[PDB]
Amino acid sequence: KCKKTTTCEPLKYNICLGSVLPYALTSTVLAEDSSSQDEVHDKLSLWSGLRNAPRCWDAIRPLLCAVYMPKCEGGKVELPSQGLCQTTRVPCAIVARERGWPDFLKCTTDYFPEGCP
């Protein structure tokens, strides 16, 4: 429940929304709106409109990077935590009003499990 088996690929984009990525491989399996690293970049580019809402941006950046550009190692990615997802619900409430959170970014425990290291 804490990890997902998947195939790892070398990172094509070395930075996630300004944040450095201290690992070599990733997977697009958690971002259900994205089937390639190029598409991941284009979806993150859309999300980047939230840079104009800094309180949300500060909360949502680690969530987006954990989902869109996760560390992949030995054919597995770690799922983001329930806690990390919950931190975004109030400062990024505008997302829910403007369009709605995609299902893979709603804090259900199948996508964001509890009690994992």
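Residue positions are given as counts along the sequence shown, with the first one as 1.
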Look over 105 to 113 and 11 to 19 in the entry and identify the one with the greater average Cα temperature factor. 105 to 113
Of 68 to 76 and 47 to 55, the one with larger mean CA B-factor: 68 to 76
The third of the chain into which the C-alpha temperature factor of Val90 falls is the highest
Tertile call for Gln37 (CA temperature factor, within chain, third-based) is the lowest
Chain thirds by Cα B factor, record data; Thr28 belongs to the middle
